[PDB]
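Some notes on the structure that comes next.
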Amino acid sequence: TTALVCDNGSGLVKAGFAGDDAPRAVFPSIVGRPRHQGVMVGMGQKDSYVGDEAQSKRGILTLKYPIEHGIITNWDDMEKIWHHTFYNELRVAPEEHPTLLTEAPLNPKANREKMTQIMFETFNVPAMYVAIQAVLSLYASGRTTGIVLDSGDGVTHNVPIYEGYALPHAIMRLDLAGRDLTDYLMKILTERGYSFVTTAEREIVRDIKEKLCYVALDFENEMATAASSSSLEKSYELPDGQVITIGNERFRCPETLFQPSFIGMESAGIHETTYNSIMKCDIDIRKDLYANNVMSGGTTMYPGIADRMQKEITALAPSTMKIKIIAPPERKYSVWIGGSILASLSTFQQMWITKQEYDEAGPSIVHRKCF
Amino acid sequence: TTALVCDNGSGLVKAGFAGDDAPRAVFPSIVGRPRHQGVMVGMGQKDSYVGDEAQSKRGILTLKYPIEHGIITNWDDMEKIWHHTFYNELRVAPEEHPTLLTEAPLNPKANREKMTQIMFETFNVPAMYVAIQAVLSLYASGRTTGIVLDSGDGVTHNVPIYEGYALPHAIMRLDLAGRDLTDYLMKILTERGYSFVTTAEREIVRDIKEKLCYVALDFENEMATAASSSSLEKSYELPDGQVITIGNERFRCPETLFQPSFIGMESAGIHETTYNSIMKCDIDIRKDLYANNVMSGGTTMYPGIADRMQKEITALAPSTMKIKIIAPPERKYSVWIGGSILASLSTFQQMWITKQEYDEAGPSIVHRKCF
Amino acid sequence: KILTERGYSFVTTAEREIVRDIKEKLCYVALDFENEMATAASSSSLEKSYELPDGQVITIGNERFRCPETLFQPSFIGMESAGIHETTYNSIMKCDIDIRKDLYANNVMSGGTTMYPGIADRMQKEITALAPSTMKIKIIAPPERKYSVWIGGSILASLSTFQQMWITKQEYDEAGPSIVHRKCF
Amino acid sequence: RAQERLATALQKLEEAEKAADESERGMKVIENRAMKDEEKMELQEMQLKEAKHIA
Amino acid sequence: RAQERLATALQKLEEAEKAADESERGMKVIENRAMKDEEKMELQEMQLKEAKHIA
Ligand SMILES: Nc1ncnc2c1ncn2[C@@H]1O[C@H](COP(=O)(O)OP(=O)(O)O)[C@@H](O)[C@H]1O
Ligand SMILES: Nc1ncnc2c1ncn2[C@@H]1O[C@H](COP(=O)(O)OP(=O)(O)O)[C@@H](O)[C@H]1O
C-alpha cells in the first residue's frame, strides 16, 4: 500500500501520497481560537479552527504557528494539525499507511523523539521515518552532489552532499527565514504610516511580501534609484480597500538575507554562509559544489534572488570556478517532491521503523540507524 | 545662546530653556473652536483658542488634540500650538534659539520631516534637532544602561539602552496609552449611570482618572474585596456639584495596561512587552536591563504601578535575577529634563542642524545622521 | 554544535565565550568512552547544571565527556588525522630507537587544553596500549601547566648564557627582517 | 581583451535579462489588469443595463 | 578556450538582446493596452456613475 508524505515545516503543511507528482493538500500550519465571546446561541461555534478554516476566520481569531524555528513548541496544536491533515485534507485512515516526516538539521533530539512517539501512539501508523529536508530537496532535483540551500519559513540550512555522502561537519543552520522577513517588513512599513500589529494582519503583510518584494542585484544603485525616480512604487489593495503604496521597502525587506544586521542578528549573509560551507568541505569536491548550488523553500522564491546570489558567491570564489545556481520554477515543493520520490523506492521499503520495532525499543530507536 | 526645549507629546506640551531645572510652561496641547454662534456684538471673540485658554473655555468649545498617537495629524493646529508656545508661553523670538524636539520611535518619517521643514520656514530657527523621548528620559535619570518604559498620553515604547548604545531591533512600540485609558474609563463609567460624551467632559473624566485610579497589586483579590466590602468607594464632585462615587472602576481602569483585551486590543500587557524586549536583547546584558527598568511619562504615575510591575516581571524572569524599577517622583517631566541636560552640553553643540545646512540639503537631512 | 540537540542555541561571538566557560568548568575526559556513554544512558549521575549570565540554568549530560573526546577521535569534527595519543606515539616511533624509552618515560604536557580532569589517565592508557609492554609510560602533568610556556620563557630569558642570542636593533637594521631565520633564531 | 569583452558581455547579458524579466512581471500584471477591466466593463455595463431596465 | 567562451558570450549576448527586444516591444504593446484599459475603465466607470444616478 502507498505511503504518506507529510512535510510539516513552518508556515505551510504539505501532504500527499508517495508516488504522486505534487502534494495533494497544502494549507497554512496555524491554529486559531476565538478571542471574543460570541452571542448567537445555536451557532455552535467550535473552540479552535485550523488550517484554511482559520485563515478564513482570521478576523476574530488569534493565530499561533505551533512550530517556531523548525522545532515544535506547542505539541497539542501540532497534534491537532496532524489529525486535521489526515482526517480532512487527505481523508485517509492512518492505521495502514507508513508516513514520511521531515525536519531541519541540528534540531533538539527531543523534538524528533516526541514526533515518533505521538505518531506511533495517537495515530497508530504501521511505520514511519524522519528525513532531512535538504536530502529530499536534492533527490527532487535529480542531482547526487551539490550543496542545497533550503530556506523555508522558519529556518535556513545548507547541506553539502557529494556522491550521496553528506558532510555533517559542514552543515550550516541559520535561524533567519520567511517569518523574520515578514516581521522586518511589518516594522519598516510603519515609516510610511501603515501599522499592522495583529496576528491576523501579519498574514496581510505576508501576502504583500509574497507579491511585491524582490531582491535587488545591487543594493546601493537601487536605493539611489528609488530615491531619484518613482518607477519602483507599486500599490496594493488591503482587504477593506484603502490601497497602499510601497517603494524602497520592496527590495529593502528581502535584502536582510544578505545583511542580517538589519534585524540585529550578527551572523553572515546567505552567500557568506554558503561560501563558508563550501570552504569547510574537502578541496577536491569544491568545484562540483560551486557548480551545483541547489535552492529550495518558499523564501528562495524572490524575483531576482538567484542572480544576486550568483553575483555575490562569484565575488567570493576564485575566478576560474564556474558558479551555477539550480533554481527550478517549482522549488517551493522540492522537499515534498523528493520525499515522494524516496518513499516510492523499494530499496527504501526496509528503512522504515516498524510499530513492532518501536514497541520493542522505545522512542530512542529514531536516533539509531533506523534514522 | 540659550537653546529651547519643546517636548510636544500628546495631551501636554511642556517647554522651557535648556539648562533649567524644570519646563517653564506646561499646558494641554489642545485647540478649541466655538460650536455655537455667539450673539453679543463687540465681544470680539476670537475664532480658535489654544492651550489653557481653551481648557478654561471648555464649556462652549470643541477640543481636538492635533497629535493622535505620537503622530501629528492636523498640521495647522500644530503650527498654532507652536506659535502660541513661542510667543505667549515663553515670550521669545525663535529666530535666535536652537530648539530641541522630541518624538516617539517608529513614527512616519514624513512626520519628522514636515516638523523640521515647518520649524525652519515658519518660525525660522537658527538650528534644531529631533531626539527620541526614551533616550532623554534615560539622560534625566543619570543612567547609561537599562531599558526605559516611557508611556505618555498617546504611545508607549520600551527602548533598551546599554552602555550608551541602543538596540533598535528590540524597541517595542505599543499604541495603548493615557487617552485609551481615559476612553475605557468613560465607557465603564456608564454602568453606574454616569454619561460623559462631550469632548469637554472627556477632560472631566481625565481628571477623575488622574485623581482616583490606581493599580491593584492583585486584580482578583481586589475585585473580590470591592465585591464584599465598600471600603474602596471614593467620591468626587463634578464642576456643578452632583458628587459621584466609583468603586471597582478605580483599579479596573488602569488594569488595561496589563490586560489590553479589556479594550479589544490583542497585544500583550506592559510587563509582557517589557520582558519580551529584554529577551530580544543579547544574553550578556540582560541582568543590567533587569536591574534598571526606568519609567517615565504621566501614565506611569498611578499609585502602585511600580509594585505591580515588579511583581509581574519578577514572575516572568528567572528567580536568581534582581528586578528593580527606577520610578522617580517627578518622572512625568523626565523627558524634558533629559532634553535640557542634553541641549546644555557642549559636545552636543555640533550635532544641531544649521539652517544653512538645511537650505543646502532639504528636509531629507533629518534622517541623515544629523539625526 | 552538540549543545543544540538539547535545545540550547549559542551563535553569537559573545556567547561563544559563555560556551568556553561551560567547557572549562564542566567537561572532562572519560577513561572509557563506551562505558561512560552506556552509564550516562542508564543513570543520570552525570548531569550537572549551569547558570547563564541571565539565570535560566541549563543542564548537560553526555556532552561533558563527548566534547573533549574529540582530541582522541578527530572524526567527530570531520578531521581525518589521528588522535592525540596516536600522533604522540607516531612522533615517538619516528625518533631513533635508542631514545624511545626516555621519551616514553617523559611525556610532558602543557597548554590550557591539557587541563581536563582525567586527560592524563586516558592519555596514559591509550599510549600504553600502543607501546610495548616492557616500557614504562609516564605523563608529566604539573598543576600549573597552563603557564609552562611563559614560565620556561622567563627562565630562559633570565639566563646570562642567553644574553648573546638576542637580535640587536643595530643588527636588524644592518640585515633586515630576514635575520630572524638566520641563527639569530 | 578576450576576458574584458567577455566581462562586458556578461554584465550586458545580465542587466538585459533583468530588464526583460521585470518587463515580464509588468506584462503579467498588465494582462491581469486587462482581464480585470474586462470583467469590470462587463459588470458595470450590465448594471447600466438593469438600470435602464428599471428606468 | 578564450576564443571559445568569447564566441559563446557573443552569440548568447545577441540572442538575449533579441529576447529583450521581443519582451520590450511586448512591453510597448502591453503599455498600449494599459492605456486601453485606462480609457476603458474611465468610460465604463463614468457610465456606471450615470447608471446609478439615473436608476
Ligand atoms: N513568492 C514568494 N516570494 C517570497 N517569499 C515567499 C513566496 N512564497 C512563499 N514565500 C515565503 O516562504 C514561506 C513558505 O516556505 P515553505 O517552504 O512552505 O516553508 P516550510 O518549508 O517551513 O513549510 C512562506 O512563509 C512565505 O513567507
Ligand atoms: N497622576 C496621574 N495618574 C495617572 N495618569 C496620569 C496622572 N497624571 C497624568 N496622567 C496621564 O498622563 C498623561 C500625561 O503624560 P505626558 O507625559 O504628558 O504625555 P506626553 O509625553 O504625550 O505629553 C495625561 O494625559 C494623563 O492622562
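Every chain in the C-alpha cells takes a letter, A first, then B, and so on in the order presented; its residues are numbered from 1, and the ligands are numbered from 1 following the presented order.
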
Contact table chain A vs chain D, cut-off 12 Å, shortest pair per residue, only C-alpha atoms, as a tab-separated table:
residue	atom	partner	partner_atom	distance
A:211	CA	D:29	CA	10.7
A:212	CA	D:25	CA	10.4
A:213	CA	D:25	CA	12.0
A:214	CA	D:22	CA	10.3
A:215	CA	D:18	CA	11.1
A:216	CA	D:18	CA	10.0
A:217	CA	D:18	CA	8.8
A:218	CA	D:15	CA	10.9
A:231	CA	D:22	CA	11.7
A:232	CA	D:22	CA	10.8
A:234	CA	D:26	CA	10.9
A:235	CA	D:29	CA	11.7
A:303	CA	D:22	CA	8.7
A:304	CA	D:18	CA	7.7
A:305	CA	D:18	CA	11.2
A:306	CA	D:18	CA	11.2
A:307	CA	D:14	CA	8.2
A:308	CA	D:14	CA	10.4
A:310	CA	D:14	CA	11.0
A:311	CA	D:14	CA	10.0
A:319	CA	D:3	CA	11.2
A:320	CA	D:3	CA	11.8

May I have all residues of stretch 1-108 of chain A that DSSP, computed from the backbone, assigns to strand (DSSP E), given as an MDAnalysis selection string? chainID A and resid 4:7 12:17 25:28 31:34 49:50 61:63 99:103

Next, write the just-selected residues to a file, as a tab-separated table (two decimals), in the first residue's frame, keeping N, CA, C and O atoms as the atom set.
chain	number	residue	atom	x	y	z
A	4	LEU	N	2.36	7.83	3.01
A	4	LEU	CA	2.06	9.25	3.09
A	4	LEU	C	3.34	10.05	3.25
A	4	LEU	O	4.30	9.59	3.86
A	5	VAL	N	3.33	11.26	2.71
A	5	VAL	CA	4.46	12.16	2.78
A	5	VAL	C	3.93	13.48	3.31
A	5	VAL	O	3.36	14.28	2.56
A	6	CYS	N	4.09	13.70	4.61
A	6	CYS	CA	3.66	14.92	5.26
A	6	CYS	C	4.90	15.73	5.62
A	6	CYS	O	5.67	15.33	6.50
A	7	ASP	N	5.09	16.85	4.95
A	7	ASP	CA	6.21	17.76	5.19
A	7	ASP	C	5.68	18.93	6.00
A	7	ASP	O	5.02	19.82	5.46
A	12	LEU	N	3.58	26.39	6.29
A	12	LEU	CA	2.79	25.62	5.34
A	12	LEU	C	2.96	24.13	5.56
A	12	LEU	O	4.09	23.64	5.61
A	13	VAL	N	1.85	23.42	5.68
A	13	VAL	CA	1.86	21.97	5.70
A	13	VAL	C	1.60	21.47	4.29
A	13	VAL	O	0.71	21.96	3.59
A	14	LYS	N	2.38	20.48	3.86
A	14	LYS	CA	2.29	19.93	2.51
A	14	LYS	C	2.21	18.42	2.63
A	14	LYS	O	3.18	17.77	3.02
A	15	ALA	N	1.05	17.87	2.29
A	15	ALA	CA	0.81	16.44	2.43
A	15	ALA	C	0.37	15.85	1.10
A	15	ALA	O	-0.10	16.56	0.21
A	16	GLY	N	0.52	14.54	0.99
A	16	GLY	CA	0.15	13.84	-0.23
A	16	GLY	C	0.56	12.40	-0.11
A	16	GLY	O	1.06	11.95	0.93
A	17	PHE	N	0.35	11.66	-1.19
A	17	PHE	CA	0.67	10.25	-1.22
A	17	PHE	C	1.99	10.03	-1.95
A	17	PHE	O	2.30	10.71	-2.93
A	25	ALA	N	-2.73	18.22	-0.70
A	25	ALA	CA	-3.31	19.24	0.16
A	25	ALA	C	-2.21	20.13	0.72
A	25	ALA	O	-1.19	19.63	1.20
A	26	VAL	N	-2.44	21.44	0.68
A	26	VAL	CA	-1.47	22.43	1.13
A	26	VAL	C	-2.24	23.55	1.82
A	26	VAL	O	-3.12	24.17	1.21
A	27	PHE	N	-1.91	23.82	3.07
A	27	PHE	CA	-2.67	24.76	3.88
A	27	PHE	C	-1.75	25.34	4.94
A	27	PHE	O	-0.74	24.72	5.29
A	28	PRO	N	-2.07	26.52	5.47
A	28	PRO	CA	-1.19	27.13	6.46
A	28	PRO	C	-1.23	26.38	7.77
A	28	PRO	O	-2.30	26.02	8.27
A	31	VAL	N	-3.16	27.46	13.97
A	31	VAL	CA	-4.32	27.10	14.77
A	31	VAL	C	-4.87	28.38	15.37
A	31	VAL	O	-4.13	29.14	15.99
A	32	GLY	N	-6.16	28.61	15.19
A	32	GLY	CA	-6.80	29.82	15.66
A	32	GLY	C	-7.81	29.51	16.74
A	32	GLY	O	-8.41	28.44	16.76
A	33	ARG	N	-8.00	30.46	17.64
A	33	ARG	CA	-9.01	30.36	18.66
A	33	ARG	C	-9.72	31.70	18.77
A	33	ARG	O	-9.08	32.75	18.66
A	34	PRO	N	-11.03	31.70	18.95
A	34	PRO	CA	-11.75	32.97	19.04
A	34	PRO	C	-11.27	33.77	20.23
A	34	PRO	O	-10.88	33.23	21.26
A	49	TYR	N	-10.29	26.54	15.34
A	49	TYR	CA	-10.16	26.20	13.94
A	49	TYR	C	-8.71	25.89	13.61
A	49	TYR	O	-7.82	25.98	14.47
A	50	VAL	N	-8.46	25.52	12.37
A	50	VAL	CA	-7.15	25.02	11.97
A	50	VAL	C	-7.04	25.10	10.46
A	50	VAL	O	-8.00	24.84	9.74
A	61	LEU	N	-10.02	35.66	15.25
A	61	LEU	CA	-9.21	34.64	15.88
A	61	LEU	C	-7.86	35.22	16.27
A	61	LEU	O	-7.49	36.33	15.90
A	62	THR	N	-7.12	34.42	17.03
A	62	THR	CA	-5.71	34.67	17.31
A	62	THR	C	-4.93	33.46	16.84
A	62	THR	O	-5.14	32.34	17.33
A	63	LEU	N	-4.06	33.66	15.87
A	63	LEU	CA	-3.39	32.56	15.19
A	63	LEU	C	-2.03	32.32	15.83
A	63	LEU	O	-1.33	33.26	16.20
A	99	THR	N	4.20	6.64	7.04
A	99	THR	CA	4.27	8.07	6.79
A	99	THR	C	5.71	8.54	6.85
A	99	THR	O	6.49	8.08	7.68
A	100	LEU	N	6.05	9.47	5.97
A	100	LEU	CA	7.36	10.08	5.94
A	100	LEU	C	7.28	11.47	6.53
A	100	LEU	O	6.39	12.25	6.19
A	101	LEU	N	8.22	11.78	7.42
A	101	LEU	CA	8.24	13.07	8.09
A	101	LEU	C	9.60	13.72	7.88
A	101	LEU	O	10.62	13.03	7.74
A	102	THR	N	9.61	15.04	7.86
A	102	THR	CA	10.82	15.80	7.59
A	102	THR	C	11.12	16.73	8.75
A	102	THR	O	10.23	17.14	9.49
A	103	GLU	N	12.40	17.06	8.91
A	103	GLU	CA	12.81	18.07	9.87
A	103	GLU	C	14.15	18.64	9.44
A	103	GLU	O	14.92	17.98	8.74

Protein and nucleic acid residues within 7 Å of ligand 1 (only C-alpha atoms and all ligand atoms) as a PyMOL selection string: chain A and resi 8-13+151-154+178-179+182+206+209-211+213+297-302+332-333

Restricting the output to N, CA and C atoms, write the selected residues as a PDB file, in the first residue's frame.
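Below is the file part09.pdb, written as the result:
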ATOM      1  N   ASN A   8       6.006  18.946   7.286  1.00  0.00           N
ATOM      2  CA  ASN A   8       5.395  19.917   8.178  1.00  0.00           C
ATOM      3  C   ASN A   8       5.928  21.316   7.935  1.00  0.00           C
ATOM      4  N   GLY A   9       7.207  21.532   8.199  1.00  0.00           N
ATOM      5  CA  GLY A   9       7.695  22.875   8.031  1.00  0.00           C
ATOM      6  C   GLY A   9       6.957  23.876   8.912  1.00  0.00           C
ATOM      7  N   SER A  10       7.399  25.115   8.811  1.00  0.00           N
ATOM      8  CA  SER A  10       6.667  26.229   9.380  1.00  0.00           C
ATOM      9  C   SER A  10       5.866  26.890   8.274  1.00  0.00           C
ATOM     10  N   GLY A  11       4.819  27.600   8.660  1.00  0.00           N
ATOM     11  CA  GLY A  11       4.043  28.333   7.685  1.00  0.00           C
ATOM     12  C   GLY A  11       3.099  27.492   6.854  1.00  0.00           C
ATOM     13  N   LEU A  12       3.578  26.385   6.293  1.00  0.00           N
ATOM     14  CA  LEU A  12       2.787  25.623   5.338  1.00  0.00           C
ATOM     15  C   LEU A  12       2.957  24.134   5.564  1.00  0.00           C
ATOM     16  N   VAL A  13       1.851  23.424   5.682  1.00  0.00           N
ATOM     17  CA  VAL A  13       1.862  21.968   5.696  1.00  0.00           C
ATOM     18  C   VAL A  13       1.605  21.469   4.288  1.00  0.00           C
ATOM     19  N   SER A 151      15.437  27.114   2.440  1.00  0.00           N
ATOM     20  CA  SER A 151      15.099  28.240   3.302  1.00  0.00           C
ATOM     21  C   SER A 151      13.578  28.322   3.351  1.00  0.00           C
ATOM     22  N   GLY A 152      13.001  27.698   4.361  1.00  0.00           N
ATOM     23  CA  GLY A 152      11.564  27.678   4.477  1.00  0.00           C
ATOM     24  C   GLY A 152      11.036  28.938   5.113  1.00  0.00           C
ATOM     25  N   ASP A 153      10.113  28.781   6.051  1.00  0.00           N
ATOM     26  CA  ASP A 153       9.557  29.916   6.762  1.00  0.00           C
ATOM     27  C   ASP A 153      10.197  30.130   8.123  1.00  0.00           C
ATOM     28  N   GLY A 154      10.867  29.121   8.669  1.00  0.00           N
ATOM     29  CA  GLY A 154      11.437  29.251   9.991  1.00  0.00           C
ATOM     30  C   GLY A 154      12.943  29.138  10.074  1.00  0.00           C
ATOM     31  N   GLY A 178      11.547  33.173   6.453  1.00  0.00           N
ATOM     32  CA  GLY A 178      10.444  33.991   5.975  1.00  0.00           C
ATOM     33  C   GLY A 178       9.712  34.735   7.073  1.00  0.00           C
ATOM     34  N   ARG A 179       9.564  34.116   8.243  1.00  0.00           N
ATOM     35  CA  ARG A 179       8.860  34.791   9.326  1.00  0.00           C
ATOM     36  C   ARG A 179       9.608  36.040   9.766  1.00  0.00           C
ATOM     37  N   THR A 182       9.027  38.711   7.255  1.00  0.00           N
ATOM     38  CA  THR A 182       7.699  39.272   7.455  1.00  0.00           C
ATOM     39  C   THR A 182       7.707  40.282   8.586  1.00  0.00           C
ATOM     40  N   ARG A 206       2.351  39.233   5.045  1.00  0.00           N
ATOM     41  CA  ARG A 206       2.980  38.125   4.340  1.00  0.00           C
ATOM     42  C   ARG A 206       2.575  38.114   2.877  1.00  0.00           C
ATOM     43  N   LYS A 209       4.404  40.737   1.054  1.00  0.00           N
ATOM     44  CA  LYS A 209       5.779  40.321   0.814  1.00  0.00           C
ATOM     45  C   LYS A 209       5.859  39.359  -0.356  1.00  0.00           C
ATOM     46  N   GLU A 210       4.960  38.379  -0.396  1.00  0.00           N
ATOM     47  CA  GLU A 210       4.984  37.401  -1.471  1.00  0.00           C
ATOM     48  C   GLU A 210       4.661  38.017  -2.817  1.00  0.00           C
ATOM     49  N   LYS A 211       3.972  39.152  -2.840  1.00  0.00           N
ATOM     50  CA  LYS A 211       3.601  39.755  -4.113  1.00  0.00           C
ATOM     51  C   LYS A 211       4.589  40.806  -4.595  1.00  0.00           C
ATOM     52  N   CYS A 213       7.634  42.136  -3.094  1.00  0.00           N
ATOM     53  CA  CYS A 213       9.051  42.197  -2.786  1.00  0.00           C
ATOM     54  C   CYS A 213       9.878  41.501  -3.859  1.00  0.00           C
ATOM     55  N   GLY A 297      12.703  25.754  -0.992  1.00  0.00           N
ATOM     56  CA  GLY A 297      11.986  26.519   0.003  1.00  0.00           C
ATOM     57  C   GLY A 297      11.327  27.759  -0.547  1.00  0.00           C
ATOM     58  N   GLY A 298      10.229  28.171   0.081  1.00  0.00           N
ATOM     59  CA  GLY A 298       9.474  29.293  -0.434  1.00  0.00           C
ATOM     60  C   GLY A 298      10.210  30.610  -0.345  1.00  0.00           C
ATOM     61  N   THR A 299      11.111  30.748   0.624  1.00  0.00           N
ATOM     62  CA  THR A 299      11.816  32.011   0.780  1.00  0.00           C
ATOM     63  C   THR A 299      12.812  32.251  -0.339  1.00  0.00           C
ATOM     64  N   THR A 300      13.233  31.213  -1.037  1.00  0.00           N
ATOM     65  CA  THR A 300      14.105  31.398  -2.181  1.00  0.00           C
ATOM     66  C   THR A 300      13.342  31.675  -3.451  1.00  0.00           C
ATOM     67  N   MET A 301      12.100  32.140  -3.340  1.00  0.00           N
ATOM     68  CA  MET A 301      11.266  32.424  -4.496  1.00  0.00           C
ATOM     69  C   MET A 301      11.134  33.916  -4.759  1.00  0.00           C
ATOM     70  N   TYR A 302      12.147  34.679  -4.450  1.00  0.00           N
ATOM     71  CA  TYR A 302      12.037  36.098  -4.736  1.00  0.00           C
ATOM     72  C   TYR A 302      12.508  36.381  -6.154  1.00  0.00           C
ATOM     73  N   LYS A 332       9.476  25.539  -4.500  1.00  0.00           N
ATOM     74  CA  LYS A 332       8.789  25.619  -3.217  1.00  0.00           C
ATOM     75  C   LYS A 332       8.410  24.239  -2.700  1.00  0.00           C
ATOM     76  N   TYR A 333       8.080  23.316  -3.596  1.00  0.00           N
ATOM     77  CA  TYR A 333       7.628  21.995  -3.194  1.00  0.00           C
ATOM     78  C   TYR A 333       8.700  20.937  -3.380  1.00  0.00           C
TER      79      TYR A 333
END

Using only C-alpha atoms, select each residue of chain C with any atom at most 9 Å away from an atom of chain B, and give the selection as a list in words.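 Close enough to count are residues 12, 14, 15, 18, 52, 53, 54, 55, 56 and 57 of chain C.
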
Dump as a PDB file, in the first residue's frame, selection limited to N, CA, C and O atoms:
ATOM      1  N   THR C  12      26.175  33.726  18.780  1.00  0.00           N
ATOM      2  CA  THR C  12      26.883  34.994  18.788  1.00  0.00           C
ATOM      3  C   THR C  12      28.335  34.797  19.211  1.00  0.00           C
ATOM      4  O   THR C  12      28.657  33.912  20.004  1.00  0.00           O
ATOM      5  N   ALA C  14      29.770  36.629  21.137  1.00  0.00           N
ATOM      6  CA  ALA C  14      29.759  36.850  22.575  1.00  0.00           C
ATOM      7  C   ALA C  14      29.539  35.544  23.319  1.00  0.00           C
ATOM      8  O   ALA C  14      30.352  35.148  24.160  1.00  0.00           O
ATOM      9  N   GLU C  15      28.446  34.856  23.017  1.00  0.00           N
ATOM     10  CA  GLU C  15      28.082  33.651  23.742  1.00  0.00           C
ATOM     11  C   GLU C  15      28.964  32.459  23.404  1.00  0.00           C
ATOM     12  O   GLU C  15      28.889  31.432  24.089  1.00  0.00           O
ATOM     13  N   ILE C  18      30.596  32.269  26.583  1.00  0.00           N
ATOM     14  CA  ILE C  18      29.789  31.501  27.524  1.00  0.00           C
ATOM     15  C   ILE C  18      30.051  30.016  27.344  1.00  0.00           C
ATOM     16  O   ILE C  18      30.239  29.269  28.314  1.00  0.00           O
ATOM     17  N   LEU C  52      23.431  30.620  33.371  1.00  0.00           N
ATOM     18  CA  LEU C  52      23.900  31.543  32.356  1.00  0.00           C
ATOM     19  C   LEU C  52      23.867  32.964  32.893  1.00  0.00           C
ATOM     20  O   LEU C  52      23.324  33.223  33.965  1.00  0.00           O
ATOM     21  N   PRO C  53      24.450  33.916  32.171  1.00  0.00           N
ATOM     22  CA  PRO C  53      24.510  35.289  32.684  1.00  0.00           C
ATOM     23  C   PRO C  53      23.162  35.965  32.856  1.00  0.00           C
ATOM     24  O   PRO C  53      23.112  37.140  33.225  1.00  0.00           O
ATOM     25  N   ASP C  54      22.066  35.262  32.595  1.00  0.00           N
ATOM     26  CA  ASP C  54      20.744  35.805  32.866  1.00  0.00           C
ATOM     27  C   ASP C  54      19.868  34.779  33.566  1.00  0.00           C
ATOM     28  O   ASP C  54      18.665  34.707  33.315  1.00  0.00           O
ATOM     29  N   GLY C  55      20.447  33.989  34.458  1.00  0.00           N
ATOM     30  CA  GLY C  55      19.690  32.917  35.062  1.00  0.00           C
ATOM     31  C   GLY C  55      19.478  31.798  34.071  1.00  0.00           C
ATOM     32  O   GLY C  55      20.402  31.431  33.343  1.00  0.00           O
ATOM     33  N   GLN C  56      18.266  31.256  34.039  1.00  0.00           N
ATOM     34  CA  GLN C  56      17.877  30.161  33.152  1.00  0.00           C
ATOM     35  C   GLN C  56      18.955  29.083  33.120  1.00  0.00           C
ATOM     36  O   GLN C  56      19.636  28.856  32.123  1.00  0.00           O
ATOM     37  N   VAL C  57      19.126  28.451  34.279  1.00  0.00           N
ATOM     38  CA  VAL C  57      20.063  27.350  34.417  1.00  0.00           C
ATOM     39  C   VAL C  57      19.811  26.303  33.342  1.00  0.00           C
ATOM     40  O   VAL C  57      18.670  26.047  32.946  1.00  0.00           O
TER      41      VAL C  57
END

So that I can check the surroundings of stretch 49-51 of chain D, please list as JSON, numbers by chain every protein, DNA and RNA residue that reaches within 9 Å of it, counting only C-alpha atoms and ignoring chain neighbours fewer than 4 positions away. {"D": [44, 45, 55], "E": [51, 52, 54, 55]}

Any chance you can output those residues with C-alpha atoms as a PDB file, in the first residue's frame?
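Everything below was put into result30.pdb:
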ATOM      1  CA  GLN D  44     -20.795  47.865 -14.944  1.00  0.00           C
ATOM      2  CA  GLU D  45     -22.313  47.961 -18.408  1.00  0.00           C
ATOM      3  CA  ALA D  55     -35.641  53.111 -15.502  1.00  0.00           C
TER       4      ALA D  55
ATOM      5  CA  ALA E  51     -26.402  54.469 -14.426  1.00  0.00           C
ATOM      6  CA  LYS E  52     -26.518  54.609 -10.634  1.00  0.00           C
ATOM      7  CA  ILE E  54     -30.488  57.682 -13.289  1.00  0.00           C
ATOM      8  CA  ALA E  55     -31.530  54.458 -11.557  1.00  0.00           C
TER       9      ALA E  55
END

As a VMD selection string, list the residues of stretch 152-294 of chain A assigned to alpha helix (DSSP H) by DSSP on the backbone atoms of this structure. chain A and resid 178 to 188 199 to 212 219 to 228 249 to 255 270 to 280 286 to 291

Print the selection's residues with C-alpha atoms to a file, as a compact mmCIF listing (two decimals), in the first residue's frame.
# COMPACT_ATOMS: atom_id res chain seq x y z
CA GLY A 178 10.44 33.99 5.98
CA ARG A 179 8.86 34.79 9.33
CA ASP A 180 11.72 37.12 10.19
CA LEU A 181 11.42 38.86 6.84
CA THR A 182 7.70 39.27 7.45
CA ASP A 183 8.40 40.87 10.82
CA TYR A 184 11.07 43.20 9.45
CA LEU A 185 8.63 44.25 6.75
CA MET A 186 5.97 44.91 9.37
CA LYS A 187 8.50 47.11 11.13
CA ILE A 188 9.72 49.17 8.18
CA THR A 199 -1.63 38.27 14.29
CA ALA A 200 -4.31 38.45 11.61
CA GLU A 201 -2.80 41.30 9.62
CA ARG A 202 0.61 39.68 9.83
CA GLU A 203 -0.88 37.44 7.16
CA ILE A 204 -1.74 40.53 5.13
CA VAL A 205 1.88 41.59 5.42
CA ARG A 206 2.98 38.13 4.34
CA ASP A 207 0.85 38.45 1.22
CA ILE A 208 2.33 41.87 0.50
CA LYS A 209 5.78 40.32 0.81
CA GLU A 210 4.98 37.40 -1.47
CA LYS A 211 3.60 39.76 -4.11
CA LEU A 212 5.64 42.95 -4.26
CA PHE A 219 21.57 47.44 -3.24
CA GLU A 220 23.14 50.90 -3.41
CA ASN A 221 22.12 51.51 -7.01
CA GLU A 222 18.53 50.51 -6.32
CA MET A 223 18.46 52.72 -3.23
CA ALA A 224 19.74 55.73 -5.15
CA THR A 225 17.28 54.97 -7.95
CA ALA A 226 14.24 54.74 -5.70
CA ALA A 227 15.46 58.00 -4.20
CA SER A 228 15.63 59.78 -7.55
CA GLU A 249 10.63 48.55 1.04
CA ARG A 250 10.06 46.23 -1.93
CA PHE A 251 13.76 45.41 -2.04
CA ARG A 252 14.82 46.54 1.42
CA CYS A 253 12.84 43.70 3.00
CA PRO A 254 14.42 40.60 1.38
CA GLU A 255 17.81 42.30 1.44
CA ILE A 270 23.26 33.83 2.87
CA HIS A 271 26.03 33.99 0.28
CA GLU A 272 28.62 34.07 3.05
CA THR A 273 27.31 31.02 4.88
CA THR A 274 27.09 29.18 1.56
CA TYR A 275 30.67 30.02 0.67
CA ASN A 276 31.85 29.07 4.15
CA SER A 277 30.06 25.73 3.97
CA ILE A 278 31.83 25.17 0.66
CA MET A 279 35.22 26.02 2.12
CA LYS A 280 34.71 23.63 5.03
CA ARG A 286 34.67 22.22 -4.19
CA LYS A 287 34.32 22.70 -7.95
CA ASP A 288 31.25 20.48 -8.17
CA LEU A 289 29.68 22.18 -5.18
CA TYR A 290 30.32 25.52 -6.86
CA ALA A 291 28.59 24.15 -9.94

Quick one: distance from atom CA of residue C:95 to atom CA of residue C:135 in Å, one decimal? 15.6 Å
